[PDB]
């Protein structure tokens, strides 16, 4: 049994290594220690001092510099006896405080033990390096083993959820939290690998091949993650009454399609673009009129076209192979790349001013190239771009857009093409994975993590609000409902205020009465004369000096701050109305509806992809679509028994072996980890009726 064999990889990679006789001597010591702040200004930088004396209400200890300080016992962060250093479940620590919890994670992290239990939930610190703990041999070890019988691991919590699904005949859910780059997507994959194995000969393989496809079109390099998921997703692993995998369903959420036409410095567009250009055959390059990434406006503005340690040519091959195993016709696959190539050409179209204010198109090389691969008439497309037709009452009037507006319309077409292609890809995949009515399922949530950039827009607000909601879901299940049970069954429990509540922030963003940020956003979206300026003025009017989670900065007139659980974020109001309205000239849709290409035709004719719901007189806004998907997720989660995994980023440099206290402690605090451990200790978790 590898579990009890100190020579097995299991012991080598999942257990804390045996300490020596020298460590043993320190472990049996009678001395007592305390964690203190050498600098009262740097509260997260701790040192270990020895307690030399005490009074009825205080300790006197020695600092590293051989000095002496005193502290009241009530404010003291005592250090746990070192026999606890490396403990697998921190609910066991005698002293539960920030430096103690951080120290234990540090001790384990220093030995590449990234998983640690914090009572009922799992904590996972991103190693930013490969660790051999995800092999089939590792999967077999955890199979059917109780949590307390094996080391902490993403596989263990997956197995527990699986057993609970069978033991209770209840749908389960794995909620993996974390800011951008913390490890959510990596762990999500592990969960699926493990379940596919223990409950699994072709379906399971296709289920696995679904990710590399989604990531190529849905992931991209941002300043916080080289493989940032730019769309969130809820994955349903479906099982039959017997407990066998009967299928899988992928619920994808809104994609950051604005990235296709713009990327901040040092970031990249979606991976696929680089994979195609770098992995396409010499013939494909001629047929699609491809060239180097530096040749395309949509790829040569960030100053970055490659990711260290990543081969786009090699990744392309993996994507293609994934597309094959899932079942994408060689025809479909080619159309997909034509769309990708077409998008690139569209981005190269340079509009110029004519004799008048209207724009003209002198060079038509790119226009012609795009029309070619897309299978649409270039003259038509050209007219639909610079001279779209609209109704002026009931009259049909041909517009003549200037350079700026022509460019924006061109970007709108691009974003719609990509966003729809993504929906199409997910749809196709679900057809293959969905072929049997399920009896149960385990849902794995992998949303885009909390993120902050120099410039935060509408997308970031929605992303961070999602993270705000998931954290509230954790607070609710861990603290609210927990104590609600105690007081319901009344076991002489006095309510405890854990101080974790994101309701105020949530109300500020999605509140109905009074109306929140999104509500006002939509309101301004229908107001015929509204501008981004009138929008922010409206927001300031409602929340400046009125909502404690809102801030009207004195240093800017185009930004507003929102205090999230993970920190305050300043949002730039530029383009919010257009992003929310998400317009597209009908003449462009008519142009592509007549495309000779099958995939393209499907993207503009398939209602469930091309159609857009109407909020009465206007088309449903993106904020409205957002709210709908969120509500849908929350409702689903309510029909499941949740399991939480808290992913923790070690630093902000994507470097291994570099655990920074400040970075880690802020996450431990806003995640409610210690409070989570305290409720498990002070309360009564498991309880069965008579």
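Positions refer to the first chain, counted from 1.
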Open item on the list: Quick check on the record: how many residues from the deposited sequence are absent from the model between residue 200 and residue 201 (none, 1 to 3, 4 to 9, 10 or more)?
Closed with: 4 to 9
- [ ] Can you let me know which of the two, 548 to 556 or 236 to 244, has the higher average C-alpha B-factor in the entry?
- [x] 236 to 244
Task: Mean C-alpha B-factor comparison - 128 to 136 and 478 to 486, higher one - done: 478 to 486
Open item on the list: Sorting 654, 67, 621, 60 by Cα temperature factor from the record, which one lands on top?
Closed with: 67
Open item on the list: For the CA B factor values reported in this entry, which option in 254, 609, 455, 216 has the top one?
Closed with: 609
TODO: Name the third of the chain's ranked CA B-factors that contains residue 435, choosing lowest, middle or highest.
DONE: highest
Task: Chain third (lowest, middle, highest) by recorded CA B-factor, residue given as residue 646 - done: lowest
Open item on the list: Quick check for you: using the entry's CA B-factors within this chain, is residue 155 in the lowest, middle or highest third?
Closed with: lowest
Open item on the list: Taking only the Cα B-factors deposited for this chain, tell me whether residue 534 sits in the lowest, middle or highest third.
Closed with: middle
Task: For residue 45, the third of its chain into which the C-alpha B factor falls - done: highest
